[PDB]
>>> print(open('query_9.cif').read())   # mmCIF, N, CA and C atoms
data_structure
loop_
_atom_site.label_atom_id
_atom_site.label_comp_id
_atom_site.auth_asym_id
_atom_site.auth_seq_id
_atom_site.Cartn_x
_atom_site.Cartn_y
_atom_site.Cartn_z
N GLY A 1 -27.15 14.64 12.60
CA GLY A 1 -25.71 14.82 12.54
C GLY A 1 -25.32 16.22 12.12
N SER A 2 -24.07 16.58 12.40
CA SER A 2 -23.57 17.91 12.05
C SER A 2 -22.06 17.99 12.26
N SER A 3 -21.39 18.76 11.41
CA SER A 3 -19.94 18.93 11.50
C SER A 3 -19.47 20.05 10.59
N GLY A 4 -18.43 20.76 11.02
CA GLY A 4 -17.90 21.86 10.24
C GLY A 4 -16.74 21.43 9.36
N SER A 5 -16.43 22.23 8.35
CA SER A 5 -15.35 21.93 7.42
C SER A 5 -14.23 22.97 7.53
N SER A 6 -13.21 22.64 8.31
CA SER A 6 -12.08 23.55 8.51
C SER A 6 -10.78 22.90 8.04
N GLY A 7 -10.38 23.21 6.81
CA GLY A 7 -9.16 22.65 6.26
C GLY A 7 -8.22 23.72 5.73
N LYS A 8 -7.05 23.29 5.26
CA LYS A 8 -6.06 24.22 4.72
C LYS A 8 -5.41 23.65 3.47
N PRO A 9 -4.93 24.55 2.59
CA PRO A 9 -4.27 24.16 1.34
C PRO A 9 -2.88 23.59 1.57
N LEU A 10 -2.78 22.26 1.58
CA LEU A 10 -1.50 21.60 1.79
C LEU A 10 -1.17 20.67 0.62
N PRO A 11 0.13 20.42 0.40
CA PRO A 11 0.60 19.55 -0.68
C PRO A 11 0.37 18.08 -0.37
N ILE A 12 0.13 17.29 -1.41
CA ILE A 12 -0.11 15.86 -1.26
C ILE A 12 0.72 15.29 -0.11
N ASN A 13 0.05 14.62 0.81
CA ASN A 13 0.73 14.02 1.96
C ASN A 13 1.08 12.56 1.68
N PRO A 14 2.35 12.20 1.94
CA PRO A 14 2.85 10.84 1.73
C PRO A 14 1.89 9.78 2.28
N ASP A 15 1.41 10.00 3.50
CA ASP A 15 0.49 9.07 4.13
C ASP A 15 -0.44 8.44 3.10
N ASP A 16 -0.92 9.25 2.17
CA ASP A 16 -1.82 8.77 1.13
C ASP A 16 -1.10 7.83 0.17
N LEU A 17 -0.08 8.35 -0.50
CA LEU A 17 0.70 7.56 -1.45
C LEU A 17 1.19 6.27 -0.80
N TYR A 18 1.39 6.31 0.51
CA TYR A 18 1.86 5.15 1.25
C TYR A 18 0.71 4.45 1.98
N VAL A 19 0.24 3.35 1.40
CA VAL A 19 -0.86 2.59 1.99
C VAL A 19 -0.39 1.22 2.45
N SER A 20 -1.21 0.56 3.26
CA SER A 20 -0.88 -0.76 3.78
C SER A 20 -1.96 -1.78 3.40
N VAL A 21 -1.53 -3.00 3.09
CA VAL A 21 -2.46 -4.06 2.72
C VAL A 21 -2.30 -5.27 3.63
N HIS A 22 -3.35 -5.57 4.38
CA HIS A 22 -3.34 -6.71 5.30
C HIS A 22 -4.40 -7.73 4.91
N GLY A 23 -3.97 -8.98 4.71
CA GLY A 23 -4.90 -10.03 4.34
C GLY A 23 -4.58 -10.63 2.99
N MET A 24 -3.34 -11.07 2.82
CA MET A 24 -2.90 -11.68 1.56
C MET A 24 -2.40 -13.10 1.79
N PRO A 25 -2.69 -13.99 0.82
CA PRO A 25 -2.28 -15.39 0.89
C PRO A 25 -0.83 -15.55 1.34
N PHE A 26 -0.51 -16.73 1.87
CA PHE A 26 0.85 -17.01 2.33
C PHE A 26 1.81 -17.13 1.16
N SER A 27 1.25 -17.28 -0.04
CA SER A 27 2.06 -17.42 -1.25
C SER A 27 2.18 -16.08 -1.98
N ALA A 28 1.30 -15.15 -1.63
CA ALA A 28 1.30 -13.83 -2.25
C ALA A 28 2.72 -13.28 -2.36
N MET A 29 3.06 -12.76 -3.54
CA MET A 29 4.39 -12.20 -3.78
C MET A 29 4.30 -10.92 -4.59
N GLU A 30 5.41 -10.20 -4.68
CA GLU A 30 5.46 -8.95 -5.43
C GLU A 30 4.59 -9.03 -6.68
N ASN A 31 4.60 -10.20 -7.32
CA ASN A 31 3.81 -10.41 -8.53
C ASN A 31 2.32 -10.37 -8.22
N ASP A 32 1.86 -11.34 -7.44
CA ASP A 32 0.45 -11.42 -7.06
C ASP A 32 -0.12 -10.03 -6.82
N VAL A 33 0.61 -9.22 -6.06
CA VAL A 33 0.17 -7.86 -5.75
C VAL A 33 -0.32 -7.14 -6.99
N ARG A 34 0.52 -7.12 -8.03
CA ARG A 34 0.17 -6.46 -9.28
C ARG A 34 -1.27 -6.78 -9.68
N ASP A 35 -1.56 -8.06 -9.88
CA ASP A 35 -2.89 -8.50 -10.26
C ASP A 35 -3.96 -7.63 -9.60
N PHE A 36 -3.72 -7.26 -8.35
CA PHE A 36 -4.66 -6.43 -7.60
C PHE A 36 -4.65 -5.00 -8.13
N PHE A 37 -3.50 -4.34 -8.03
CA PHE A 37 -3.37 -2.96 -8.49
C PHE A 37 -2.77 -2.92 -9.89
N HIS A 38 -3.22 -3.82 -10.75
CA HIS A 38 -2.73 -3.88 -12.12
C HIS A 38 -3.46 -2.88 -13.01
N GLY A 39 -2.74 -1.84 -13.43
CA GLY A 39 -3.34 -0.82 -14.28
C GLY A 39 -3.04 0.58 -13.79
N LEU A 40 -2.63 0.70 -12.53
CA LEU A 40 -2.31 1.99 -11.94
C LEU A 40 -0.81 2.22 -11.91
N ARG A 41 -0.41 3.47 -11.69
CA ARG A 41 1.01 3.82 -11.64
C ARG A 41 1.68 3.19 -10.43
N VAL A 42 2.42 2.11 -10.66
CA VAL A 42 3.11 1.41 -9.59
C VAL A 42 4.59 1.80 -9.55
N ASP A 43 5.03 2.31 -8.40
CA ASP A 43 6.41 2.72 -8.23
C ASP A 43 7.20 1.67 -7.46
N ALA A 44 6.64 1.23 -6.33
CA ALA A 44 7.29 0.23 -5.50
C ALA A 44 6.26 -0.53 -4.66
N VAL A 45 6.63 -1.73 -4.23
CA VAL A 45 5.74 -2.56 -3.42
C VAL A 45 6.52 -3.28 -2.32
N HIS A 46 6.23 -2.91 -1.07
CA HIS A 46 6.90 -3.52 0.07
C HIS A 46 6.06 -4.65 0.66
N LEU A 47 6.70 -5.76 0.97
CA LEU A 47 6.01 -6.92 1.54
C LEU A 47 6.67 -7.36 2.84
N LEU A 48 5.87 -7.44 3.90
CA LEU A 48 6.38 -7.86 5.21
C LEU A 48 6.34 -9.37 5.35
N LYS A 49 7.26 -9.91 6.14
CA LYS A 49 7.33 -11.35 6.36
C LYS A 49 7.52 -11.66 7.85
N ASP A 50 7.54 -12.95 8.18
CA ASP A 50 7.71 -13.38 9.56
C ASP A 50 9.06 -14.07 9.75
N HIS A 51 9.29 -14.59 10.95
CA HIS A 51 10.54 -15.27 11.26
C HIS A 51 10.84 -16.35 10.22
N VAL A 52 9.81 -17.08 9.81
CA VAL A 52 9.97 -18.13 8.82
C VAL A 52 9.98 -17.56 7.40
N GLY A 53 10.21 -16.26 7.30
CA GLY A 53 10.24 -15.61 6.00
C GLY A 53 9.05 -15.97 5.14
N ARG A 54 7.86 -15.88 5.72
CA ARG A 54 6.63 -16.19 5.00
C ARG A 54 5.68 -15.00 4.99
N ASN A 55 5.03 -14.78 3.85
CA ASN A 55 4.10 -13.67 3.71
C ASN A 55 2.85 -13.89 4.56
N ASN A 56 2.92 -13.49 5.82
CA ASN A 56 1.79 -13.64 6.74
C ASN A 56 0.53 -13.00 6.17
N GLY A 57 0.65 -11.73 5.78
CA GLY A 57 -0.49 -11.02 5.23
C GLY A 57 -0.47 -9.54 5.57
N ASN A 58 0.62 -8.87 5.24
CA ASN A 58 0.76 -7.44 5.52
C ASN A 58 1.88 -6.83 4.68
N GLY A 59 1.59 -5.69 4.06
CA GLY A 59 2.58 -5.02 3.24
C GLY A 59 2.25 -3.55 3.02
N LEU A 60 3.10 -2.86 2.27
CA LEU A 60 2.90 -1.45 1.98
C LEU A 60 3.14 -1.15 0.51
N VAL A 61 2.39 -0.19 -0.03
CA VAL A 61 2.52 0.19 -1.43
C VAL A 61 2.81 1.68 -1.57
N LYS A 62 3.67 2.03 -2.51
CA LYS A 62 4.03 3.42 -2.75
C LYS A 62 3.83 3.80 -4.21
N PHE A 63 2.85 4.66 -4.47
CA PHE A 63 2.55 5.10 -5.83
C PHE A 63 3.06 6.52 -6.07
N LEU A 64 3.63 6.74 -7.25
CA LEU A 64 4.16 8.06 -7.60
C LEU A 64 3.14 9.15 -7.29
N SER A 65 2.01 9.11 -7.98
CA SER A 65 0.96 10.10 -7.78
C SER A 65 -0.15 9.55 -6.89
N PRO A 66 -0.89 10.46 -6.24
CA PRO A 66 -1.99 10.08 -5.34
C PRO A 66 -3.24 9.65 -6.11
N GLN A 67 -3.65 10.47 -7.07
CA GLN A 67 -4.83 10.17 -7.88
C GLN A 67 -4.91 8.68 -8.19
N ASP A 68 -3.75 8.02 -8.21
CA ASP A 68 -3.69 6.59 -8.50
C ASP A 68 -4.10 5.77 -7.28
N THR A 69 -3.38 5.95 -6.18
CA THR A 69 -3.66 5.22 -4.95
C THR A 69 -5.13 5.37 -4.56
N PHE A 70 -5.64 6.59 -4.65
CA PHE A 70 -7.03 6.87 -4.31
C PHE A 70 -7.94 5.72 -4.74
N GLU A 71 -7.61 5.12 -5.88
CA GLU A 71 -8.40 4.01 -6.41
C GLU A 71 -8.28 2.78 -5.51
N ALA A 72 -7.05 2.45 -5.13
CA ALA A 72 -6.80 1.30 -4.27
C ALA A 72 -7.68 1.34 -3.03
N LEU A 73 -7.81 2.53 -2.44
CA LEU A 73 -8.62 2.70 -1.25
C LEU A 73 -10.04 2.18 -1.47
N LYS A 74 -10.50 2.25 -2.71
CA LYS A 74 -11.84 1.78 -3.05
C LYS A 74 -11.87 0.25 -3.13
N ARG A 75 -10.70 -0.35 -3.32
CA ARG A 75 -10.60 -1.80 -3.41
C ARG A 75 -10.29 -2.42 -2.05
N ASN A 76 -10.62 -1.68 -0.99
CA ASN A 76 -10.38 -2.16 0.37
C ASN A 76 -11.39 -3.22 0.76
N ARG A 77 -10.93 -4.24 1.48
CA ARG A 77 -11.80 -5.32 1.92
C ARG A 77 -12.44 -6.03 0.73
N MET A 78 -11.61 -6.40 -0.24
CA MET A 78 -12.09 -7.08 -1.43
C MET A 78 -11.69 -8.56 -1.42
N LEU A 79 -12.10 -9.29 -2.45
CA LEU A 79 -11.78 -10.71 -2.56
C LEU A 79 -10.52 -10.92 -3.38
N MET A 80 -9.51 -11.55 -2.77
CA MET A 80 -8.25 -11.82 -3.45
C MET A 80 -7.76 -13.22 -3.13
N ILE A 81 -7.72 -14.08 -4.15
CA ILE A 81 -7.26 -15.45 -3.97
C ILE A 81 -7.90 -16.09 -2.74
N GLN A 82 -9.21 -15.93 -2.61
CA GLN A 82 -9.93 -16.49 -1.47
C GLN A 82 -9.46 -15.88 -0.16
N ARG A 83 -8.95 -14.65 -0.24
CA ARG A 83 -8.46 -13.95 0.94
C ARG A 83 -8.88 -12.48 0.91
N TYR A 84 -9.38 -12.00 2.04
CA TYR A 84 -9.83 -10.62 2.15
C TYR A 84 -8.65 -9.69 2.43
N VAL A 85 -8.49 -8.68 1.57
CA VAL A 85 -7.40 -7.72 1.72
C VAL A 85 -7.90 -6.43 2.36
N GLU A 86 -7.07 -5.85 3.23
CA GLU A 86 -7.42 -4.61 3.91
C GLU A 86 -6.58 -3.45 3.40
N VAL A 87 -7.17 -2.63 2.54
CA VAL A 87 -6.47 -1.47 1.98
C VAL A 87 -6.76 -0.21 2.79
N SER A 88 -5.74 0.28 3.49
CA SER A 88 -5.88 1.47 4.31
C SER A 88 -4.59 2.29 4.30
N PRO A 89 -4.73 3.62 4.28
CA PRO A 89 -3.59 4.54 4.27
C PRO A 89 -2.56 4.20 5.34
N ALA A 90 -1.31 4.57 5.09
CA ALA A 90 -0.23 4.30 6.03
C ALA A 90 0.53 5.58 6.38
N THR A 91 1.47 5.47 7.31
CA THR A 91 2.26 6.62 7.73
C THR A 91 3.74 6.41 7.42
N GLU A 92 4.39 7.45 6.91
CA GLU A 92 5.81 7.38 6.57
C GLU A 92 6.57 6.54 7.59
N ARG A 93 6.29 6.77 8.87
CA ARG A 93 6.94 6.03 9.94
C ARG A 93 6.86 4.52 9.69
N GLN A 94 5.65 4.03 9.47
CA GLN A 94 5.44 2.61 9.22
C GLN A 94 6.27 2.13 8.03
N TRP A 95 6.24 2.91 6.95
CA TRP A 95 6.99 2.56 5.75
C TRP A 95 8.46 2.33 6.07
N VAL A 96 9.03 3.21 6.89
CA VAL A 96 10.43 3.10 7.27
C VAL A 96 10.66 1.88 8.16
N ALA A 97 9.97 1.85 9.30
CA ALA A 97 10.10 0.74 10.24
C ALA A 97 9.96 -0.60 9.52
N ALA A 98 8.89 -0.75 8.75
CA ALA A 98 8.64 -1.98 8.01
C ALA A 98 9.90 -2.43 7.26
N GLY A 99 10.59 -1.48 6.65
CA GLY A 99 11.80 -1.79 5.91
C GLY A 99 11.77 -1.26 4.49
N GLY A 100 11.36 0.00 4.34
CA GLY A 100 11.29 0.60 3.03
C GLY A 100 12.55 1.38 2.68
N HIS A 101 12.49 2.13 1.59
CA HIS A 101 13.63 2.93 1.14
C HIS A 101 13.21 3.94 0.08
N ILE A 102 13.63 5.19 0.27
CA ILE A 102 13.29 6.25 -0.68
C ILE A 102 14.43 7.25 -0.80
N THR A 103 14.54 7.89 -1.96
CA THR A 103 15.58 8.87 -2.20
C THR A 103 15.07 10.29 -1.96
N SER A 104 15.54 10.91 -0.88
CA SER A 104 15.13 12.26 -0.54
C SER A 104 15.48 13.24 -1.66
N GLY A 105 16.76 13.32 -1.98
CA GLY A 105 17.21 14.22 -3.04
C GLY A 105 18.66 14.02 -3.40
N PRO A 106 18.96 12.89 -4.06
CA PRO A 106 20.32 12.55 -4.48
C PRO A 106 21.04 13.72 -5.13
N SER A 107 21.87 14.41 -4.35
CA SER A 107 22.61 15.56 -4.85
C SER A 107 24.11 15.25 -4.94
N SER A 108 24.79 15.92 -5.85
CA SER A 108 26.23 15.72 -6.04
C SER A 108 26.99 16.05 -4.76
#
>>> encode(input="query_9.cif", output="structure tokens")
Amino acid sequence: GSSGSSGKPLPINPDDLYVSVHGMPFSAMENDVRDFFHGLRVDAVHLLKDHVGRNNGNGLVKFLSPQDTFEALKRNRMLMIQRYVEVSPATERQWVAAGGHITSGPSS
């Protein structure tokens, strides 16, 4: 194998802070989520539902700092309430479409 390392100095990208979790019980709720990421800086937690307003098994998490989320990525494909969760980075676009909300810069 072989590969080069060509990167640039850029500021923390939201994509990181914004991750998605697929594979949660039908009863899983804002609370249950905590149990998983209980101990890290939690800012907000988005949960997707279906027509029957039921937690199928997909949501998004937004952490203030990245150093925190980085940990969640390590808890990907873990055991949760007899259900496998899929922790993977997300894109601002998804966060919006899904039904999120953030304050750009509340100015007078």
>>> atom_distance(input="query_9.cif", atom1="atom CA of residue A:14", atom2="atom CA of residue A:92")
6.6 Å
>>> residues_around(input="query_9.cif", residues="stretch 81-88 of chain A", least_positions_apart="3", cutoff="5 Å", atoms="all atoms listed in the file", output="list in words")
residues 19, 20, 21, 22, 23, 76, 77 and 78 of chain A
>>> select_by_dssp(input="query_9.cif", residues="chain A", states="alpha helix (DSSP H)", output="PDB file with N, CA and C atoms, in the frame of the given file")
ATOM      1  N   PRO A  14       2.350  12.200   1.940  1.00  0.00           N
ATOM      2  CA  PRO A  14       2.850  10.840   1.730  1.00  0.00           C
ATOM      3  C   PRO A  14       1.890   9.780   2.280  1.00  0.00           C
ATOM      4  N   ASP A  15       1.410  10.000   3.500  1.00  0.00           N
ATOM      5  CA  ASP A  15       0.490   9.070   4.130  1.00  0.00           C
ATOM      6  C   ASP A  15      -0.440   8.440   3.100  1.00  0.00           C
ATOM      7  N   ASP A  16      -0.920   9.250   2.170  1.00  0.00           N
ATOM      8  CA  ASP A  16      -1.820   8.770   1.130  1.00  0.00           C
ATOM      9  C   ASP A  16      -1.100   7.830   0.170  1.00  0.00           C
ATOM     10  N   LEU A  17      -0.080   8.350  -0.500  1.00  0.00           N
ATOM     11  CA  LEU A  17       0.700   7.560  -1.450  1.00  0.00           C
ATOM     12  C   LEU A  17       1.190   6.270  -0.800  1.00  0.00           C
ATOM     13  N   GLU A  30       5.410 -10.200  -4.680  1.00  0.00           N
ATOM     14  CA  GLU A  30       5.460  -8.950  -5.430  1.00  0.00           C
ATOM     15  C   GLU A  30       4.590  -9.030  -6.680  1.00  0.00           C
ATOM     16  N   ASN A  31       4.600 -10.200  -7.320  1.00  0.00           N
ATOM     17  CA  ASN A  31       3.810 -10.410  -8.530  1.00  0.00           C
ATOM     18  C   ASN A  31       2.320 -10.370  -8.220  1.00  0.00           C
ATOM     19  N   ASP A  32       1.860 -11.340  -7.440  1.00  0.00           N
ATOM     20  CA  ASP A  32       0.450 -11.420  -7.060  1.00  0.00           C
ATOM     21  C   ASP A  32      -0.120 -10.030  -6.820  1.00  0.00           C
ATOM     22  N   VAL A  33       0.610  -9.220  -6.060  1.00  0.00           N
ATOM     23  CA  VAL A  33       0.170  -7.860  -5.750  1.00  0.00           C
ATOM     24  C   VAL A  33      -0.320  -7.140  -6.990  1.00  0.00           C
ATOM     25  N   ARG A  34       0.520  -7.120  -8.030  1.00  0.00           N
ATOM     26  CA  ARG A  34       0.170  -6.460  -9.280  1.00  0.00           C
ATOM     27  C   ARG A  34      -1.270  -6.780  -9.680  1.00  0.00           C
ATOM     28  N   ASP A  35      -1.560  -8.060  -9.880  1.00  0.00           N
ATOM     29  CA  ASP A  35      -2.890  -8.500 -10.260  1.00  0.00           C
ATOM     30  C   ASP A  35      -3.960  -7.630  -9.600  1.00  0.00           C
ATOM     31  N   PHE A  36      -3.720  -7.260  -8.350  1.00  0.00           N
ATOM     32  CA  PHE A  36      -4.660  -6.430  -7.600  1.00  0.00           C
ATOM     33  C   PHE A  36      -4.650  -5.000  -8.130  1.00  0.00           C
ATOM     34  N   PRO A  66      -0.890  10.460  -6.240  1.00  0.00           N
ATOM     35  CA  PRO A  66      -1.990  10.080  -5.340  1.00  0.00           C
ATOM     36  C   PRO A  66      -3.240   9.650  -6.110  1.00  0.00           C
ATOM     37  N   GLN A  67      -3.650  10.470  -7.070  1.00  0.00           N
ATOM     38  CA  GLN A  67      -4.830  10.170  -7.880  1.00  0.00           C
ATOM     39  C   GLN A  67      -4.910   8.680  -8.190  1.00  0.00           C
ATOM     40  N   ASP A  68      -3.750   8.020  -8.210  1.00  0.00           N
ATOM     41  CA  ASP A  68      -3.690   6.590  -8.500  1.00  0.00           C
ATOM     42  C   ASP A  68      -4.100   5.770  -7.280  1.00  0.00           C
ATOM     43  N   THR A  69      -3.380   5.950  -6.180  1.00  0.00           N
ATOM     44  CA  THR A  69      -3.660   5.220  -4.950  1.00  0.00           C
ATOM     45  C   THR A  69      -5.130   5.370  -4.560  1.00  0.00           C
ATOM     46  N   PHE A  70      -5.640   6.590  -4.650  1.00  0.00           N
ATOM     47  CA  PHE A  70      -7.030   6.870  -4.310  1.00  0.00           C
ATOM     48  C   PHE A  70      -7.940   5.720  -4.740  1.00  0.00           C
ATOM     49  N   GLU A  71      -7.610   5.120  -5.880  1.00  0.00           N
ATOM     50  CA  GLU A  71      -8.400   4.010  -6.410  1.00  0.00           C
ATOM     51  C   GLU A  71      -8.280   2.780  -5.510  1.00  0.00           C
ATOM     52  N   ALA A  72      -7.050   2.450  -5.130  1.00  0.00           N
ATOM     53  CA  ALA A  72      -6.800   1.300  -4.270  1.00  0.00           C
ATOM     54  C   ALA A  72      -7.680   1.340  -3.030  1.00  0.00           C
ATOM     55  N   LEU A  73      -7.810   2.530  -2.440  1.00  0.00           N
ATOM     56  CA  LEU A  73      -8.620   2.700  -1.250  1.00  0.00           C
ATOM     57  C   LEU A  73     -10.040   2.180  -1.470  1.00  0.00           C
ATOM     58  N   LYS A  74     -10.500   2.250  -2.710  1.00  0.00           N
ATOM     59  CA  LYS A  74     -11.840   1.780  -3.050  1.00  0.00           C
ATOM     60  C   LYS A  74     -11.870   0.250  -3.130  1.00  0.00           C
ATOM     61  N   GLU A  92       4.390   7.450   6.910  1.00  0.00           N
ATOM     62  CA  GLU A  92       5.810   7.380   6.570  1.00  0.00           C
ATOM     63  C   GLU A  92       6.570   6.540   7.590  1.00  0.00           C
ATOM     64  N   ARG A  93       6.290   6.770   8.870  1.00  0.00           N
ATOM     65  CA  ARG A  93       6.940   6.030   9.940  1.00  0.00           C
ATOM     66  C   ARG A  93       6.860   4.520   9.690  1.00  0.00           C
ATOM     67  N   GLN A  94       5.650   4.030   9.470  1.00  0.00           N
ATOM     68  CA  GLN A  94       5.440   2.610   9.220  1.00  0.00           C
ATOM     69  C   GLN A  94       6.270   2.130   8.030  1.00  0.00           C
ATOM     70  N   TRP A  95       6.240   2.910   6.950  1.00  0.00           N
ATOM     71  CA  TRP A  95       6.990   2.560   5.750  1.00  0.00           C
ATOM     72  C   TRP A  95       8.460   2.330   6.070  1.00  0.00           C
ATOM     73  N   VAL A  96       9.030   3.210   6.890  1.00  0.00           N
ATOM     74  CA  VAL A  96      10.430   3.100   7.270  1.00  0.00           C
ATOM     75  C   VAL A  96      10.660   1.880   8.160  1.00  0.00           C
ATOM     76  N   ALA A  97       9.970   1.850   9.300  1.00  0.00           N
ATOM     77  CA  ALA A  97      10.100   0.740  10.240  1.00  0.00           C
ATOM     78  C   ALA A  97       9.960  -0.600   9.520  1.00  0.00           C
ATOM     79  N   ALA A  98       8.890  -0.750   8.750  1.00  0.00           N
ATOM     80  CA  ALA A  98       8.640  -1.980   8.010  1.00  0.00           C
ATOM     81  C   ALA A  98       9.900  -2.430   7.260  1.00  0.00           C
ATOM     82  N   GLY A  99      10.590  -1.480   6.650  1.00  0.00           N
ATOM     83  CA  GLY A  99      11.800  -1.790   5.910  1.00  0.00           C
ATOM     84  C   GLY A  99      11.770  -1.260   4.490  1.00  0.00           C
TER      85      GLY A  99
END
>>> resolve_selection(input="query_9.cif", expression="the PyMOL selection byres (((chain A and resi 72 and name CA) around 12) and name CA)", output="mmCIF file with N, CA and C atoms, in the coordinates of the input")
data_model
loop_
_atom_site.group_PDB
_atom_site.id
_atom_site.type_symbol
_atom_site.label_atom_id
_atom_site.label_comp_id
_atom_site.auth_asym_id
_atom_site.auth_seq_id
_atom_site.Cartn_x
_atom_site.Cartn_y
_atom_site.Cartn_z
ATOM 1 N N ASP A 16 -0.920 9.250 2.170
ATOM 2 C CA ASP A 16 -1.820 8.770 1.130
ATOM 3 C C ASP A 16 -1.100 7.830 0.170
ATOM 4 N N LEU A 17 -0.080 8.350 -0.500
ATOM 5 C CA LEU A 17 0.700 7.560 -1.450
ATOM 6 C C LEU A 17 1.190 6.270 -0.800
ATOM 7 N N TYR A 18 1.390 6.310 0.510
ATOM 8 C CA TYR A 18 1.860 5.150 1.250
ATOM 9 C C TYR A 18 0.710 4.450 1.980
ATOM 10 N N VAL A 19 0.240 3.350 1.400
ATOM 11 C CA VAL A 19 -0.860 2.590 1.990
ATOM 12 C C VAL A 19 -0.390 1.220 2.450
ATOM 13 N N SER A 20 -1.210 0.560 3.260
ATOM 14 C CA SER A 20 -0.880 -0.760 3.780
ATOM 15 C C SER A 20 -1.960 -1.780 3.400
ATOM 16 N N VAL A 21 -1.530 -3.000 3.090
ATOM 17 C CA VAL A 21 -2.460 -4.060 2.720
ATOM 18 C C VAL A 21 -2.300 -5.270 3.630
ATOM 19 N N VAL A 33 0.610 -9.220 -6.060
ATOM 20 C CA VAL A 33 0.170 -7.860 -5.750
ATOM 21 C C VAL A 33 -0.320 -7.140 -6.990
ATOM 22 N N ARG A 34 0.520 -7.120 -8.030
ATOM 23 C CA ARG A 34 0.170 -6.460 -9.280
ATOM 24 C C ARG A 34 -1.270 -6.780 -9.680
ATOM 25 N N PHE A 36 -3.720 -7.260 -8.350
ATOM 26 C CA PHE A 36 -4.660 -6.430 -7.600
ATOM 27 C C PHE A 36 -4.650 -5.000 -8.130
ATOM 28 N N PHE A 37 -3.500 -4.340 -8.030
ATOM 29 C CA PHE A 37 -3.370 -2.960 -8.490
ATOM 30 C C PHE A 37 -2.770 -2.920 -9.890
ATOM 31 N N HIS A 38 -3.220 -3.820 -10.750
ATOM 32 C CA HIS A 38 -2.730 -3.880 -12.120
ATOM 33 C C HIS A 38 -3.460 -2.880 -13.010
ATOM 34 N N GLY A 39 -2.740 -1.840 -13.430
ATOM 35 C CA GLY A 39 -3.340 -0.820 -14.280
ATOM 36 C C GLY A 39 -3.040 0.580 -13.790
ATOM 37 N N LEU A 40 -2.630 0.700 -12.530
ATOM 38 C CA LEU A 40 -2.310 1.990 -11.940
ATOM 39 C C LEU A 40 -0.810 2.220 -11.910
ATOM 40 N N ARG A 41 -0.410 3.470 -11.690
ATOM 41 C CA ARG A 41 1.010 3.820 -11.640
ATOM 42 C C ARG A 41 1.680 3.190 -10.430
ATOM 43 N N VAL A 42 2.420 2.110 -10.660
ATOM 44 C CA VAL A 42 3.110 1.410 -9.590
ATOM 45 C C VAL A 42 4.590 1.800 -9.550
ATOM 46 N N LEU A 60 3.100 -2.860 2.270
ATOM 47 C CA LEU A 60 2.900 -1.450 1.980
ATOM 48 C C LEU A 60 3.140 -1.150 0.510
ATOM 49 N N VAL A 61 2.390 -0.190 -0.030
ATOM 50 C CA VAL A 61 2.520 0.190 -1.430
ATOM 51 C C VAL A 61 2.810 1.680 -1.570
ATOM 52 N N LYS A 62 3.670 2.030 -2.510
ATOM 53 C CA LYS A 62 4.030 3.420 -2.750
ATOM 54 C C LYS A 62 3.830 3.800 -4.210
ATOM 55 N N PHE A 63 2.850 4.660 -4.470
ATOM 56 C CA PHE A 63 2.550 5.100 -5.830
ATOM 57 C C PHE A 63 3.060 6.520 -6.070
ATOM 58 N N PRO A 66 -0.890 10.460 -6.240
ATOM 59 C CA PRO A 66 -1.990 10.080 -5.340
ATOM 60 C C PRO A 66 -3.240 9.650 -6.110
ATOM 61 N N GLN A 67 -3.650 10.470 -7.070
ATOM 62 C CA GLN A 67 -4.830 10.170 -7.880
ATOM 63 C C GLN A 67 -4.910 8.680 -8.190
ATOM 64 N N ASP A 68 -3.750 8.020 -8.210
ATOM 65 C CA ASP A 68 -3.690 6.590 -8.500
ATOM 66 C C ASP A 68 -4.100 5.770 -7.280
ATOM 67 N N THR A 69 -3.380 5.950 -6.180
ATOM 68 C CA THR A 69 -3.660 5.220 -4.950
ATOM 69 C C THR A 69 -5.130 5.370 -4.560
ATOM 70 N N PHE A 70 -5.640 6.590 -4.650
ATOM 71 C CA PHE A 70 -7.030 6.870 -4.310
ATOM 72 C C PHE A 70 -7.940 5.720 -4.740
ATOM 73 N N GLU A 71 -7.610 5.120 -5.880
ATOM 74 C CA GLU A 71 -8.400 4.010 -6.410
ATOM 75 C C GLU A 71 -8.280 2.780 -5.510
ATOM 76 N N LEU A 73 -7.810 2.530 -2.440
ATOM 77 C CA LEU A 73 -8.620 2.700 -1.250
ATOM 78 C C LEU A 73 -10.040 2.180 -1.470
ATOM 79 N N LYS A 74 -10.500 2.250 -2.710
ATOM 80 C CA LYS A 74 -11.840 1.780 -3.050
ATOM 81 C C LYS A 74 -11.870 0.250 -3.130
ATOM 82 N N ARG A 75 -10.700 -0.350 -3.320
ATOM 83 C CA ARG A 75 -10.600 -1.800 -3.410
ATOM 84 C C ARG A 75 -10.290 -2.420 -2.050
ATOM 85 N N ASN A 76 -10.620 -1.680 -0.990
ATOM 86 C CA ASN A 76 -10.380 -2.160 0.370
ATOM 87 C C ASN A 76 -11.390 -3.220 0.760
ATOM 88 N N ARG A 77 -10.930 -4.240 1.480
ATOM 89 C CA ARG A 77 -11.800 -5.320 1.920
ATOM 90 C C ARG A 77 -12.440 -6.030 0.730
ATOM 91 N N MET A 78 -11.610 -6.400 -0.240
ATOM 92 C CA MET A 78 -12.090 -7.080 -1.430
ATOM 93 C C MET A 78 -11.690 -8.560 -1.420
ATOM 94 N N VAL A 85 -8.490 -8.680 1.570
ATOM 95 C CA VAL A 85 -7.400 -7.720 1.720
ATOM 96 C C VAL A 85 -7.900 -6.430 2.360
ATOM 97 N N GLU A 86 -7.070 -5.850 3.230
ATOM 98 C CA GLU A 86 -7.420 -4.610 3.910
ATOM 99 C C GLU A 86 -6.580 -3.450 3.400
ATOM 100 N N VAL A 87 -7.170 -2.630 2.540
ATOM 101 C CA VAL A 87 -6.470 -1.470 1.980
ATOM 102 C C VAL A 87 -6.760 -0.210 2.790
ATOM 103 N N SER A 88 -5.740 0.280 3.490
ATOM 104 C CA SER A 88 -5.880 1.470 4.310
ATOM 105 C C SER A 88 -4.590 2.290 4.300
ATOM 106 N N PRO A 89 -4.730 3.620 4.280
ATOM 107 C CA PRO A 89 -3.590 4.540 4.270
ATOM 108 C C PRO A 89 -2.560 4.200 5.340
#
>>> atom_distance(input="query_9.cif", atom1="atom N of residue A:32", atom2="atom CA of residue A:53")
16.4 Å
